[PDB]
Every structure is written in structure tokens, then in C-alpha cells.
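Participant: First the structure, which I've put down as C-alpha cells, then a few questions once you've had a look.
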Amino acid sequence: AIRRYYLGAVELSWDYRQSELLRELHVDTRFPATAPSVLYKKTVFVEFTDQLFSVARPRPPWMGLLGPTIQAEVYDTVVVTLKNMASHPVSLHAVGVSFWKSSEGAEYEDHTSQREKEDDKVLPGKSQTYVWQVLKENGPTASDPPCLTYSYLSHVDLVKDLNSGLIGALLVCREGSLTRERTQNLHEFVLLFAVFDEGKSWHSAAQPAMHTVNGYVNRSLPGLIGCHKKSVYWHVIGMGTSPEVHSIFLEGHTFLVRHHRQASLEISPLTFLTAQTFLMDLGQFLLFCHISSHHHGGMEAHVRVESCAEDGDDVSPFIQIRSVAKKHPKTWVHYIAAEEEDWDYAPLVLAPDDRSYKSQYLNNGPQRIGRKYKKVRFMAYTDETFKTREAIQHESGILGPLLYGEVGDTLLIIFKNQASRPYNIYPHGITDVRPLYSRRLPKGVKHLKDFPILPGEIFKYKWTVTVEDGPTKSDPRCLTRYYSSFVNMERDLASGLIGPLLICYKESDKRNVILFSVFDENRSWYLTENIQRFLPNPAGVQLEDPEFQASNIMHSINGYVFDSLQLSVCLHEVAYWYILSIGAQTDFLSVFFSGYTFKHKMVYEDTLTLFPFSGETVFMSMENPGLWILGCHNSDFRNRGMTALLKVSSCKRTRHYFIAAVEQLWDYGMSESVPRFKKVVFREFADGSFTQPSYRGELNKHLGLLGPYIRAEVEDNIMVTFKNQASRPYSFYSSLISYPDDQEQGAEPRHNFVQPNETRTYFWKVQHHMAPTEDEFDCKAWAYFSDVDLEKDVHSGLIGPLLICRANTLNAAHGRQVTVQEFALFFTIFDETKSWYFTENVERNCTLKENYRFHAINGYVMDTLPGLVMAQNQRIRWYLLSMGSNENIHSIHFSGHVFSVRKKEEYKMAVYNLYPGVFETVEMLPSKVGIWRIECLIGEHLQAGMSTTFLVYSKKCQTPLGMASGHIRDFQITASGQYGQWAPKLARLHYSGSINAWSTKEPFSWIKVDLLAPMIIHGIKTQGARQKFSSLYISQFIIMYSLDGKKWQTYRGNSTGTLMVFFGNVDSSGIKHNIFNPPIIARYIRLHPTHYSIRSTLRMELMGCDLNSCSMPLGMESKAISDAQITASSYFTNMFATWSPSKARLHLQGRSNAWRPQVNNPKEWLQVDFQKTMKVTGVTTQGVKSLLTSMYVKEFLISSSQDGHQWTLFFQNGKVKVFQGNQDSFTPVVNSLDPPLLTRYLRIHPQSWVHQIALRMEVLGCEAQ
Amino acid sequence: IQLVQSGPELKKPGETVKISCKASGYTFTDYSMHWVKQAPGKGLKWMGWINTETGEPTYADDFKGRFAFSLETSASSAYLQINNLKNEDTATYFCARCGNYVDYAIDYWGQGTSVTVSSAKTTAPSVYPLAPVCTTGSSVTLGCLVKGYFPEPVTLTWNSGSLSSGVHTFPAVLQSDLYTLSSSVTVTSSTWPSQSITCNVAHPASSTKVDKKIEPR
Amino acid sequence: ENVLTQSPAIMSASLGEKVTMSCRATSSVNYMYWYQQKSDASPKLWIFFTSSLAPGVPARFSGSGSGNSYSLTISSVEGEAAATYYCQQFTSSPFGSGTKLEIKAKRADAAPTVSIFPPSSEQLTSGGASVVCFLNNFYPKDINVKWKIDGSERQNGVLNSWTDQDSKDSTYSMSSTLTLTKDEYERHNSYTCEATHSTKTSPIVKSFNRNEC
Ligand SMILES: *[C@@H]1O[C@H](CO)[C@@H](O[C@@H]2O[C@H](CO)[C@@H](O[C@@H]3O[C@H](CO[C@H]4O[C@H](CO)[C@@H](O)[C@H](O)[C@@H]4O)[C@@H](O)[C@H](O[C@H]4O[C@H](CO)[C@@H](O)[C@H](O)[C@@H]4O)[C@@H]3O)[C@H](O)[C@H]2NC(C)=O)[C@H](O)[C@H]1NC(C)=O
Ligand SMILES: *[C@@H]1O[C@H](CO)[C@@H](O[C@@H]2O[C@H](CO)[C@@H](O)[C@H](O)[C@H]2NC(C)=O)[C@H](O)[C@H]1NC(C)=O
Ligand SMILES: *[C@@H]1O[C@H](CO)[C@@H](O)[C@H](O)[C@H]1NC(C)=O
Ligand SMILES: [Ca+2]
Ligand SMILES: [Cu+2]
Ligand SMILES: [Zn+2]
């Protein structure tokens, strides 16, 4: 149930091409050879068999730069001894597991002891061990693979660490990995698609940037051997400190990440995906990057399946297919010509302007043809004459016939070329294609893909659909792939050849299609022939200028740019949507639908990401009349062409939210280090009488720059009255707005858009579709913003959370779910130069702008965000959201924490890649207690400041802060208004006498306590006093608190309204406990009396804890500690009773309710076993009063141990702290130990008492080791 | 603990005028502060406030473009420097506090200031002692009519804050470009002219002091 | 924009009568405050935080409420606490105080005490003088003051000036001062001053003549 590991760090030589260099464990005769090949310095992790770090275990070449692979399971432990032997210090942050702050790998605004901080930097020599828990919650879920992809690395400096090569491998399986893993089968190869950059490595001081796969560029990776007809598990771990992505294809295979078909393996910064694939073939294959930007010429490696010796249940394939139907697959009848025509990218043009964006790309002139171009399509014909065309249609131009096929069906694709050049026809995603009739190849044609059909040929292709290229019962009915030519991929693509492919399952029949294409006419074979025909001048010349190219990169929707495609669908009607992104593009498209919500991986989303050369299938229900545009979400597009609209048209209570849009002045980091800037936000208000912006506190203080929670269940209503302040006009769009069917006549473009200082109300019924699925969580996240300029005013500051809770779950008057502390995170980049309010930001007197880039979570930077505080064993529901441009592909990570997400199934994650626009919900429950960090794991974001700390605390650490005994010293107490000789220091609870509390005649009085340190606070015990007969006290009061000097804010916890009114005492002697679930974090705290009785008098005590939650009852009183762990030197044993050492529990009662030594003397003692190693901050002692004989211990020393024979007494100042104890039977006495001690066995020795030695106890402590 | 303001000024339609508000006996820098407007009619009209931790004031809506709020940390005081003083700026301006924290209210006040819209002179008064009608009863009434003075008022009492009871000091109706008030007191036939009642009328804007005693004819 | 309306305006009370005054406001607030101006004095804090009383107020006062309509109740009012009352709120900006509110106690009709005065020494050596006339301790402040000289009268020139409700008695007094020049005095004979109240049908008056006393 434990495993042992050893490891260090070493600097060496590495080249990215030739192997055999990663074996410097025995010196070789290779030093003369200092010739191109190219070499740098790189540093990595190195394994060692033993504990003296000299026996260097060898490694295989397929790993490459990967640190030694590490394994564990549930109910386990992991003991790893790191030792830096290189130059720079290294750490060891981990993901997926469980550690105790003594093992993190990063130091931040943690307010923690430095003993728990040396793990944050391991420096050369030395050692420093770590240990990880892999506890209950970290285990894998059901529909999860047998094992899960996680990792580790040094976190001392992210930008330099990952680019110097500090990285490793760390899978974690469940109880079920001990089995003899079939050594000639499973194999389980580990891959790293890392982007490396020596230009900001550790050691470097215009350097080269590199796309490697485990460290190998240009098809240089050996060692990849998997068996024949048996699958293999891909443990992919994307890196790259730069953002960017890698749409990764395997030459002739698909993938089985999760439960859906995947041609591409779309990775992004720090992804953690586990694919599976079947190796049905023999021979050698390639795995390359299919990005249009061929800087990625390195992301290519070699794969060879081979034969083996002699299918055990290891998630044996699950795409089961057989017979639940009736009819047979039909051989299909298709005739396709690749002939030539001319194309208008906007047959509905207009406006011959100049300043227009639609002039460069479209307006025909004497030197820019803009509008019409000569291309080459895939035309559909009815027979073999190829001289009668199948009815071509609008709303699917420039493209070829729809090509449909079930599993096992047959497609007879007959191809005739009627063009000036040889073109091909070839499908994607399908793994089975050969000529009809024959099996074998032409002449020297190693693979049919890139074989040209001559201008006149007639070739008979036979496509057949297997299963290992289709659905899984999980994904939608018909995944989407493409077909076109292959003899010149990029150019044939830009020439005009394109066509659709569909693979369905049985158990306008299939509707219309959409291709998002960047048609690069500038590489068409009909470039030098498009001039000689269309342009009025020949010797144009001088085209090397970068706006002749941007005069015809026709950013098109199908074959139509600038609102030229106008398809039509009625109301209520249901439409599948097969979407694709093929073209130049280079990157991914964040497509969206104005006022429409669609279903993706059987989940509901607002925006859908589209990788290059990636088919994604969706479907949406049409129940929103009007006229709706499309879009791209990714910046300079749309402007440049990509539009097309839709013209839909026809053929218990309610929750009220008064919202406006004001403009504050924001500063992201007053901490650390300052200019203050001007943005525009939303704020919850009170009335249309817009005077009282409802104050956001406690439950809404993490929000900061975000708009307010607008909560709503399903089947109720959502009224959004929205008045607009500000200067420029903005709006309120949701994609959940559902205007009723109004104004027939013709389809009207939806108005929205309110001029400043004007009001518009929104009122729509929440439908079931906006709600979360039965399979989903309790409350799905939705986006909402302003639709006036969805890019600029989004960098200005208008965004918020629209939450749709499900069923009768958002209860009470509070309008929250209350069973869960729910938070919202917003990972994006802010660039003030696009803001509407940037001109006025010349805030100085009288040139690179790199400090206007704010990598800001919720608008904070470098731990500056406060308001993240969650209960211990509570379930928390996080909401991650990414927006902006395509740089925002954030890898969200909670320091050491693991979370769960639901998309049809419930999987498990530690880092989330937040693709922009998509809004997904996650949940988690935290175990370890303290303050942790929330980061975006992208290297160049942590140092740019994208980070904030979040505290989890103890819900059962209540210790008197010190008002009583005097732990709270006398100078800490202050107040204004004091009447006369009723001093604020007399406010100590249970203190009577002549004068005995603190009063004040004055009206607006208060009283201040300084805790000297940022302390956690868990409640206030409020009393009063008596002057002869009149009971005086506080009947009603409210709370103030601060943190540094004068950032004072009120207490509005547990919603209620404006702020929480506390109820005071009622009598003199009577005590009142005003707890608060939502606790306070402060050090200065003031109380304000609102309704006294005669005079504001007060006798009090504060209930609190330290910032790391160490003052916990371990289990003495609550009987969580077993008696077999509680003994002594003896025990008063006889017949009247027995005072067993197991009877000395604080507050434990009985006729024999204590421990008593059989002989009284200053030698006796009592001992406690913990069976593990724990931390202790104090003891609490308590005597007993049997009969009329009071029995307690007046003084006691304390000694500690790790074993059971050797003891080290508790010292202080110079000698041993004689802890003074009880003076009565009842009242317990705390003695907070200082310093705290890490221990396993604890002893207590008396030195003096009363009558006879007797005691009950409870130990303030906390978990550790 | 008090708010000692300055005595009222006198200006012409549209100038520059600076008041004050010295503190009490506490830490002035921590606490907030308002100025108030109180016309000879309406109940109250708010002027504004200033977070006097380091000086960052605000304003109300009715009043814009012709006011000011400054600071003097030394003597713990706030100012009101009114420019472009239009004519209807004729009202009593005050001083507030609110406390140090939650919901700013009011704590103390002080004396006023108001000399708007002013046209005329200034001058010392004209103390005229009064006389009785001849002999009847033991419930005689006595006065101290003073008429002929501007910037109101004068230290008007009897023997300077001593033997004085049953008085009705009357509002000085403006007539017409100069104020005019009267005094009042009642005594029984066993007080005067034995207890030497001497009125006192000391002007403030001219430091004048005119005490004319009472005696019958 | 945050408007508070005071209800009622000014009421006719009674020395010991349960009387309340609201202060309803368009914009709704959470915490309310009240202030008393004792006849144009430097105002004073009286109720703070909705209902509780400040240090230094006869316990006969109270009042409360929440939201859109607050109130100020008094059990037994006395002429002492008879002055002006404004409500003021703090939930936004600006903090528009209420309109107006005042108290007039009970007590009963009070005949005016009468007295007339003559010119002075250095007074009649200044182009005239003044004939002063007083009405001290009466109720209610309803009133009428006119003059008569032998027969010829004069309505302009009277300097009438009421006071405010008192405390020891809640009675009202009033000043009056008309004058002319010197050749009105030694030349005209009589000199009378009237006081037609709602207590005495014919006014309680005094006598005349330029010579005599
Ligand atoms: C201010 O607002 C906060 C809201 O955050 C309130 O805090 C909640 O207070 C309630 C008490 O009123 C707490 O409720 C109790 O929680 C316990 C948790 O135990 C387990 O519960 C589920 C079981 O499925 C587990 O999933 C979970 O992980 C825990 O392990 C429960 O034990 C309690 O349940 C039952 O208790 C008694 C039995 O004695 C039953 O009679 C009850 O009917 C109930 O079924 C109970 O649910 C709650 O935990 C607090 N919130 C959080 C996040 O912990 C404050 O009360 C509120 N205060 C004020 C002044 O307004
Ligand atoms: C919203 O509209 C009101 C009404 O016009 C604005 O009030 C004006 O504010 C300016 C600013 O100083 C004044 O000069 C005008 O006198 C005001 N007009 C009226 C009729 O009172 C208000 O300022 C507007 N809000 C914003 C944020 O511009
Ligand atoms: C990889 O191939 C590219 C092709 O352009 C070349 O420029 C680069 O130098 C090569 N690198 C290695 C290590 O072979
Ligand atoms: Ca640490
Ligand atoms: Cu990021
Ligand atoms: Zn790549």
C-alpha cells in the first residue's frame, strides 16, 4: 500500500535529431564529433535504484525527454526523494494527487510556516523528500479509462522550467493494476507533444523555437512498436509554454478519447488526454501535425506495428455493433465531375464604397477582381455520359454533392476530370478506400492518396464504411468528415475542390451543411488564368505586396461572403447542423449563433470550438423567430467577410433583477508592486429608482470585475429590467433571450441595443433546453454580455454569469442553492488598447505597450483577488469561463486539487483547457486545509500575474481568541465613547465585580480589537452586565472588519439584504452566541451597537482560529481516538470503580470519569498513541469533582516523542514551560503550545495538584506529516 | 467635544468667501464631514461631504459649478470657498461628522454663516432706553428698543448674562435695508428702578459696545 | 433623486396625546434617522437607527418603521419638546431630507398682557422716535394689531413680529413698532394702541396724549 522512488536532476547535451545521446551513465568515445547536427544544453530528471544516488537505471529511447514513469493507485502512498545535482534549483509541483503543503512546489500568499516551505525549492546538493497521498477522492471514475493521465514538474519558474526540460510522467490507476499486465500487449506508450523554447530557458544568457515529440524533430523518433491486431493506450501530455495548439492526426487510424470518435488529437497548452486505438494493420506509419502553419515541421515521429507472441479485460472495446435493425446496406449511386466554372463570393452584392471592408475583398476594379473568380468544383451528374447535371442548390455552393453512408454501406464514387489539370478525389476519416474491381496499385504508387487523375480519365473508386471509423452510441448519430483532392492539398483546397462526408447509424433526409473556409485564391491553379480573362490590364506585376494577397483571401461561408448566404428554416422545425473548418485558417474557430443554443457532445453550449481539419456535428431546436446573423468570435474575421444570416421567421413565479451598467475605476494590483484605469461593469441594483447599487459582500466579493449572478430555475421566468448609464450605447444579449413571435409581415432583425441613458426590459420564459441535463450537475453555466461590438466592449468590461438551476433546487428566499458554496472564475487577457475608454487614459503629462496586457483572473493579478474561501468537507461548484481572442486557451489548475466535470458521463480532471466562449461547470470537494493557489498553467501567464489564492478552512476549529484568560492583551482593545470608567478592556466575558463591562452613552459608538495577525474568526460571544438592578447590554448590533489599516467593509454574510443585523443579549447575566456560517478573515474588527438597553454595554469573547486551521480536537472527547491508544504509567484500580486512562476525555462523564494514578507524586504521566504522525498546537485540561472532593492538576510539564521510549521535554525561553492548569473541576483550561510540535506520542507530567491527581483532557491539534 | 465654526461674513453677488470649522478634542483626520444648506424656509438641503483621511470630497446635484471644499490638517478644519456667488446663496451653512465607519450620518453641528445677496451698509446700533406709563399694579413690563443697525445682531441681554428671566426677544423684521428688533421682560413692583437694569448692545462687525441703562421720566 | 415626503405638515397636538408623524419616501431605505431643530437652533440628533433614542431625550418619544414609511411616535408631548422635526436618510446620494414638521401643544386661550412705552431722551433728538407696544404671554398666536391717534389712524409702518411657541407655557408673544417724525408728536394730541384678540371682544388697551407723563 506504499511504493518507493528516488530521483535527481542532471544537465546534459541534446540535439532534437539523432538518438543514442541520452545515455551519459557510462562515458563513451564520442567527443571528436563536434560536427551541423546542432546541440544545446538541457536539464531533466534522472532515476536511481537505491538511496545513495549513484546506480543510474537506464531508459528506452521512445521516452526521450520524459522523466521516469511513476505509478500508484487508490489507498496508497508515494515516497519520492528528489535531489538537485544540476545548477538551478528545482521543485516538484504535482497534479492529481494529494499532499500536505509540506510537499507542494510553489510558495505564494500562503501565510504558512516556512517548515512547510522548503519543499518549494530544492537547491543543489542536499535532498528534501516530498510524499504524496493518492487518497480516496483522487481515484478514477467509472466511465474513465483503467488509468488516468497526470504528470509533475518543477515549479520554481514556469517560463524557464518547461523550456529547459523539467517534466515527467505520472499515471494513477485504481485498485486493479497489480495484475500481470501482459508484457507483449499493453505496452502503454507515453508521449509528450511539447513545444520547447531555448530562447527563455534556464541557461541562455534570437534563439530557435522548436516543436518536438518527446524531444525529436523531423521524423526522428525510434522505439514505437505495438503488437498487431491488439490495441494500445495513448497517454498524451501536451506542453509548450507558448499557447497554440496541435491538431494531431495518426496516418491511418482514428482515436477513442473519452467515448467519441476522433480523427484528430487536438491538444492545447497543457492537456491530459488518454486515447485508445486499434492497430489492425502491419508496417510503418507516421504521426504528424496537420496545422497549415508549417513551423510544426518537427511534430512528426515514426510508428511501426509488428507481430508478437501469444484480449484480457482492459476496457475492451465498447463501440458494439451487430443486429437491432432490419434492412440491408444499399450500394449507393454517385457520379462526380471535377469541372471548371466561375464563382461569385457574393451574388447579392451592393454598395460601391471606399472606406469599406467589403471593397478590398469584393469591389471589382481595374486591378482588383474582388467579386468573381475562376475556380474548380465537384459537380454532381446523373449518369456516365456526365452531360446532364444533378440539380445543384444554393445554400451549399462552391462545394460538391452530399455523400451519405451508414455503417457497412457501399459508396460507388465515379470520377471524371473535365479540367485543365489533373485533380483527385479522396475521403477523410474513412480508413478504407480502394479502386473498384481491383485490389492493387498502378505503377510506382506506394499509397493511392496522392495519385492524379488525368484531365479526361474515368476512375472507379470503391468506398466502404467499417466500424472503426464511426460512432460509439455516445457521440451524435452522424459524425462529420470531408473529401477533396490530395495531389496538392493546400492548393487544390484553395482552387475550389471540396465536398462533404457523413457516417451515421441505423437503430433532405439529411439536412444542409456549413463549411467555414478561408479560401486562399492566391495559390489557386487558376491564378495566372484569372487575370488574362477578368482583369482589364495584363502586365499588372508587383504583387509581392501584402494587400494584393489580402484582396482575395475570401473569408467565406460555403461560397458566399458578406451576408450573401441567406438560408431559411421555419419555426419549431428541427435541423441537424454538420459544421466544418477547412481552409487556410491556421487555428481554431469559436463559431456562435446569435440568440440560439445548440447541443454538442450531448451537452448544451453557447459557442462551439472548431479545430482546423476537424469535423464537429451539432443539432439545435428552432424556436426563436426573427432574423439571426452568424459569426466567428475570433476577431479580424467577420469584418473580413465571414457572416451569413438565418432569417428564421414563422410559416411557480418570476425572479426580478434590476441591473444597470456603471463605470468604476479599477486597479488590478495595488498589492505587491500604480495607475488606475476606467472600465464599464454591471452591478446589481435595487429599484428602477436607480440609487442603491446593492452592495456586493462576502458571498459576492470574489466577483470583482464580473457582472452579478442572475439565478433562475427552469420552468419559471426571468425578468431583466436593464437601464443603461455610461457614455456609449451597449446592450444585453444572452443567447437565452426568447422573444415572442412578434411582427409578422417579414423577418425582422432583432433590435436589442439601447442608447445610453435609456431603458429596455427583457422578459422571457426559461425553456427546458437552457436547463442542465438530468445527466449534468445541478446548475449549468451560461454566458451573457453586450452585443454591440462583441470584441471591444468585451475588453472594456461587460460580462457576467447567467445560471440556470434545475428542478426545485434553488430554494428559500435567498434565491441561491445554499447547499453549495458556488464561485465563478474568468480566465482571460485584458488589452486596454481596444477599450472604448482608452483615449481618456492618457493619465500622465506628455514606445512598447507591454504593461497594458493584464493576464487577469476576474480582473486581479498576482494573488490580489480576495473572496475565495470555502468550507472543508463541503461540495464546491466552480464555473470556469474563457473569452477574448484565440490566445485564451487557459489551462486552469487548482494547486493540488482535483475536480470533476459532466458531459453525458462524469469524468475527472485536474487541469481544464478553457477554450474561449465555451462555458462548462465543474464540481469538487477539498480535503487538505489552508490556502492554495488558482493558476493558469500556461508558462507565460503565471509570471504575467494570472493567479489568485483561495482558502479552505476548518469548520470545527473554535478556540477563544483570548479575551478571557488574557491571550488577547490589553493594548489590542480600543473604542470611542466610553461613558466613565467603563473601559473597553473590561469587555472580557465572565468578569464580574464593581465595574465589569464597557458602556457608552454616545450614539454612534463602536469597539475595536486588533488580532495583530490576519486571523480567522468563527463567532462572537456577547454579554452585558448589571449595575445593581438594571440589566444593560446590546440588544442589536452590526459588524465591521478590516485587514491592513483602512480597507474596512461591512458584514453582509448569508445574503439577507444590505448587511447582516446581529441579535444581541436580552439580560445582564445572559450570554448570547452570534455565530456566522460565512466566517471572517481579518485582524482589525469592530462592533457597532444599534439598539442598546439604556446604554451600550458589552462583555464579549471572540471565537476563532489561525490562518492554517491548526487548533483542532483530534478525537479525545468525540471518541474518535481508540482507547488502545490511551494509556498511562498505571491507573487507580480497585472494586468501587476504575479510572482507566481511557476515561480521561474532556467532558466525558460517569461515576468514574477521569484517569487517576495509583500513587500521587510529581513523576506520574499519561500517554496518547496516534498510530500516525500528527501536529499539536495545545492541550486542554479539566479535573473532576467526585462527591464534594474537588480534584484537578495545578501545573504540568509536557514532553513529546516519535516512538515510545525516548522523550524530549517542551522547552521555551531557556528551560521547560511549566504549563499552569485548572483551579476547579469544571472549567477547562487551554494552553496553546508555542512553538507547535510535530509528533506521534504525547506525554503529560504533573508537578503539583490538589487533593489527588485527577484529570480529563482533549488535545488541540491537526493533521500533518 | 464641540464644533466651533466661524462667525458669518458678508459678500456681493459673485465673489470668494472662505469659512472654517475647527475641531473638538479628538482625532479629526479619521472622521468624515459634511456641509449643510438651510434656507429661511425649506427643512434641509444637503451640500456634500469629504473623506478627510487625505482629502477627496464629493458634491450634491442641486449645487454645481460655484462652490468648494478644502482642508487644513494643522488646525483640524474644513472650508467652503464659494465662487460666482449668485444671489440666492442666502442660507445658513453648517458642519457635520457622520462618525468614523458604517452608514455616514450626523453627530454634531455648530453656528452658521449667511450674507448673500447683500447690498447695504453695516454700522453700529442706536440704543434707546425705554420708559413707563406714569402707577398701576405690580406687574410692569420693560424693554430695550434698539433701531438702526445692519449685519445682525448684537450681544443683547441684561447686565451681560446675569439677572434675566421671562424675556421675549423678538425677530428683527427687515425694514427696509436695515434691521430693527425689540426686547422684552416683565418684573413686579419691587425690582426697578432699584436693581439697576442696564441694557447692553455690543455690535460684532464693528466691536461697538453701547450700554444705556433704564430710568423713568 | 431620493425623495422623502414628510406626513403630516404641522399638527395641532395636546399636552399628553398619542401623536405620530410619518415620513414616507419614494425610494425605499433600510435605516432611518430623525433630527429636531429647536426653533432655528443648531439641529440635534434625536432618533438614530430606525427606532432607538439618543442620549438626552425624554423617554416619552419613540417611533419606528421600515422600508417605504417610517414614523415618529410621542406618548405625552410637553411644550418643552415642541419644535421642528426633519427626517433624513442615508441609503444613496443625495440624502434629501424631509420637508417640514412642527408641534403646537394644547393649553388654552390666553388674554394678552398689555403695555405701551414712550419715546426716549436722545431718541426724540433724531428726526422722530418710536412708540413701542408689547403683547407678552398669549395663546393662540392668532392676533390683530392696529393703532388709533385721536381719530386719524395709520396702517402702514407697523413693525409686527411674532415669536415662537415657548416651553414653560407654550404661549406666544409679539412685537409691534410704528413711528413717524417729531412734528407729529408735539403737534398731535392722542396716541393709542389696540389688541383685538379672540379672548376680549373690545381690545385690552391703554391711553394717549402728547403731554402728561
Ligand atoms: C448561513 O447560511 C449557511 C449556508 O452556507 C448555513 O450553513 C448551513 O447550516 C446548516 C444547518 O442549518 C448545515 O446543515 C447540515 O449539514 C450537515 C452536513 O452533513 C453531511 O450532509 C450530506 C448528506 O448527504 C453530505 O453530502 C455532506 O458531505 C455532509 O457529510 C448535515 O449532517 C445536516 O443534515 C441533517 O441534520 C439533521 C440531523 O441532526 C437533520 O434533522 C436535518 O434535517 C438534516 O437532514 C445538515 O444538512 C449546512 O451544512 C451548512 N452549510 C454548509 C455549506 O455546510 C447557515 O446555517 C446559515 N446561518 C445563518 C445564521 O443564516
Ligand atoms: C443620465 O441622464 C440624466 C438626465 O439628463 C443626466 O443628468 C444630467 O447630468 C449632467 C452632468 O453634470 C448635467 O449637466 C445635466 O444638468 C443633467 N440633466 C438633468 C435633466 O438633470 C445624467 O448625468 C445622465 N447620466 C450619465 C452617467 O451621463
Ligand atoms: C527539420 O527540418 C526543417 C525543414 O525546413 C529544417 O529547417 C530543420 O533544420 C530540421 N531540423 C533538424 C534538427 O533536422
Ligand atoms: Ca510548501
Ligand atoms: Cu491562460
Ligand atoms: Zn503543432
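In the C-alpha cells, chains take letters A, B, ... by order of appearance, with residues numbered from 1 within each chain and ligands from 1 in the order shown.
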Can you pull out every residue within 10 Å of residue 160 of chain B, counting only C-alpha atoms, but drop anything in the same chain fewer than 4 positions away, and send it as a compact mmCIF listing (two decimals) with N, CA and C atoms, in the first residue's frame?

Facilitator:
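Output file around.txt is given in full below:
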# COMPACT_ATOMS: atom_id res chain seq x y z
N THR B 155 -24.83 91.65 21.04
CA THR B 155 -24.90 90.97 22.33
C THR B 155 -26.01 91.60 23.15
N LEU B 156 -27.24 91.11 22.99
CA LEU B 156 -28.43 91.74 23.56
C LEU B 156 -28.93 90.91 24.74
N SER B 164 -31.90 87.71 34.70
CA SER B 164 -32.72 87.80 33.49
C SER B 164 -33.65 86.60 33.42
N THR B 198 -29.44 97.64 33.37
CA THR B 198 -28.72 98.32 32.30
C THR B 198 -28.68 97.38 31.10
N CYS B 199 -29.35 97.78 30.02
CA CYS B 199 -29.26 97.04 28.78
C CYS B 199 -27.83 97.11 28.25
N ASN B 200 -27.48 96.15 27.39
CA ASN B 200 -26.18 96.17 26.72
C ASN B 200 -26.38 95.74 25.27
N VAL B 201 -25.79 96.50 24.34
CA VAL B 201 -25.93 96.27 22.91
C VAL B 201 -24.53 96.47 22.32
N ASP B 211 -24.03 100.46 26.08
CA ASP B 211 -24.86 100.08 27.21
C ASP B 211 -25.54 101.33 27.76

Participant: For residue 6 of chain C, work out the shell of residues within 7 Å, counting only C-alpha atoms and skipping chain neighbours fewer than 4 positions away, then give it as a VMD selection string.

Facilitator: chain C and resid 22 to 24 98 to 100

Participant: Enumerate as a VMD selection string the residues within 9 Å of ligand 1, counting only C-alpha atoms and all ligand atoms.

Facilitator: chain A and resid 817 to 821 870 to 876 925 955 1053 to 1056 1074 to 1078

Participant: Could the residues of chain B within 8 Å of chain A, counting only C-alpha atoms, be given as a list in words, please?

Facilitator: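 Going by the stated atoms only, the list reads residues 99, 102 and 107 of chain B.
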
Participant: Write the residues you've just listed into a file as an mmCIF file, in the first residue's frame, and include N, CA, C and O atoms for each of them.

Facilitator:
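again-v2.cif written:
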data_model
loop_
_atom_site.group_PDB
_atom_site.id
_atom_site.type_symbol
_atom_site.label_atom_id
_atom_site.label_comp_id
_atom_site.auth_asym_id
_atom_site.auth_seq_id
_atom_site.Cartn_x
_atom_site.Cartn_y
_atom_site.Cartn_z
ATOM 1 N N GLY B 99 -19.518 60.148 12.034
ATOM 2 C CA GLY B 99 -18.779 59.075 12.666
ATOM 3 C C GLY B 99 -17.569 58.672 11.846
ATOM 4 O O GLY B 99 -17.152 59.358 10.907
ATOM 5 N N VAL B 102 -19.498 52.673 9.530
ATOM 6 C CA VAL B 102 -20.664 52.274 8.746
ATOM 7 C C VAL B 102 -21.801 53.291 8.777
ATOM 8 O O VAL B 102 -22.055 53.939 9.799
ATOM 9 N N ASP B 107 -23.332 63.761 13.562
ATOM 10 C CA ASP B 107 -23.089 63.750 15.003
ATOM 11 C C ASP B 107 -23.329 65.126 15.614
ATOM 12 O O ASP B 107 -24.311 65.295 16.341
#

Participant: Do me a favour and pick out the residues of chain B within 9 Å of chain C, using only C-alpha atoms, as a PyMOL selection string.

Facilitator: chain B and resi 42-48+59-61+94+103-112+126-134+140-143+145+167-173+175+180-186+217

Participant: Could the residues of chain C within 6 Å of chain A, counting only C-alpha atoms, be given as an MDAnalysis selection string, please?

Facilitator: chainID C and resid 52 54:55 92
